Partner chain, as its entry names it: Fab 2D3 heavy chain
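Presented below, as structure tokens, is a lone chain in the form deposited without its partner chain.
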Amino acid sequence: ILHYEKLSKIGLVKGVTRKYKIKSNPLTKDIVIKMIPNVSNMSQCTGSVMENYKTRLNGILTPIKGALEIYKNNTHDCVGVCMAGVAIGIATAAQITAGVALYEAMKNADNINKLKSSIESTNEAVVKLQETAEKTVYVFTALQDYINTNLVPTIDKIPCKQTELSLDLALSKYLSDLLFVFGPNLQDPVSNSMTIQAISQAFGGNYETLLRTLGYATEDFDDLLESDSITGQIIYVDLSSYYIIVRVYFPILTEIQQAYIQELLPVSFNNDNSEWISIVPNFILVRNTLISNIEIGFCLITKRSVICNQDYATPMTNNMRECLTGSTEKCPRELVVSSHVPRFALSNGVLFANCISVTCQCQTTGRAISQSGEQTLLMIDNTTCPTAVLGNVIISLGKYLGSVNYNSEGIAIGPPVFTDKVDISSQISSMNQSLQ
């Protein structure tokens, strides 16, 4: 376990405790995104912009169909999914799993494609199609709202050459937004790591409409959405009607048993007439009594749980392990030169303040609280005095659950470090000479 009391003297005050959960057991739903709007009522003087747009869009969608066909031509049934690796050549585990999912989805994709005329005939942003007697499929058109709201009502009040230019500009804007996702960046359409937010770029970035139409099945919807857990996969691309079929995955957030995330608050501390800040990860992941780093940039942090779409646990150095489990001397530290580093923190009702680097007096005492040159931090609870003053904040404090004689006991202190990108090169290069 983590030794919070020893970490506090370093400057690492214990923070909130959060539970760890990852995506599992995804459900599947199929949607059709029509990437070309219907212009039946505006065709009177739509000009020649549509042929150019179709050619440009075919130039984008052709690589997608080409990258799908390699798995399409190698997936079939033999006397489950039964693939042929000779004509596949290069494939990772994720690619092969995505191909299996693609073949599985083809069973419904065939019946979806059976309604090609209905898909093309759609002229609203969201349309319901009776895909079978007991199931339905929704159709999303990229720019149908804009055409039905702005361009169509203004088809005669302005010279419709200007309307042609406006439609061309709208389509060009849509394509420029698309090219970030569906352009040559999408080298691997056979994969399910593409988030619904990115897929909605084919719909103008309005993923909320897609999710609301499909259904808010769970109460953990927002955590799944922000954490990039709701993903989709393209399973069919049509170069005649210019539409794609996307299978959207709706997973459930499953708590990881015997696992939690502990956050450590860094506080500057005094040592040798100078201020220092400890260098340890802000978030530590504990799972089944095993301490390991978690890369938290991709994960989502809430008030009670950490939500990740993938198991983002990363290895932790053994020295870091002993720094977090009591051995303070192995805990690295950095000198502080900036004057905007926190100098006190409150945890469990008791504040850990660097009472020498900031004015520090209590309230009922009406006197100052003195921090000697040997103590890194000062523990202030209501044992010494029940209300403290720090700058312009007057705060009352609760009892401490740790050692009664905390402020009278010191510890060893670790060696200094520097964490700049180029400082790493200098340190490695310099000591290499020392090694020789």
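Between two forms, the rigid core is defined as the largest C-alpha subset superposing within 1.5 Å. Positions refer to the first chain, counted from 1.
FYI, the form solved in complex with its partner chain isn't displayed, but the following is about it.
query = Going by a heavy atom distance of 4.5 Å, is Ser327 a contact of its partner chain in the deposited bound form?
reply = Result no; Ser327 lies far from its partner chain in the deposited bound form.
request  = Indicate whether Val237 is a 4.5 Å heavy atom neighbour of its partner chain in the deposited bound form.
outcome  = Looking in the deposited bound form, residue contacts with its partner chain do not include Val237, since no heavy atom lies within 4.5 Å.
request  = Indicate whether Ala109 is a 4.5 Å heavy atom neighbour of its partner chain in the deposited bound form.
outcome  = The answer is no: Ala109 has no heavy atom within 4.5 Å of its partner chain.
query = Quick one: which residues from 111-129 get a non-hydrogen atom within 4.5 Å of its partner chain in the deposited bound form?
reply = Read in sequence order, the residues that approach its partner chain (within 4.5 Å, in the deposited bound form) are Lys114, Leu115, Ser117, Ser118, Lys128, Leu129.
Mobile residue between this form and the one not shown, C-alpha criterion 2 Å or more, rigid core, from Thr132, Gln258, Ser274, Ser347 = It is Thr132.
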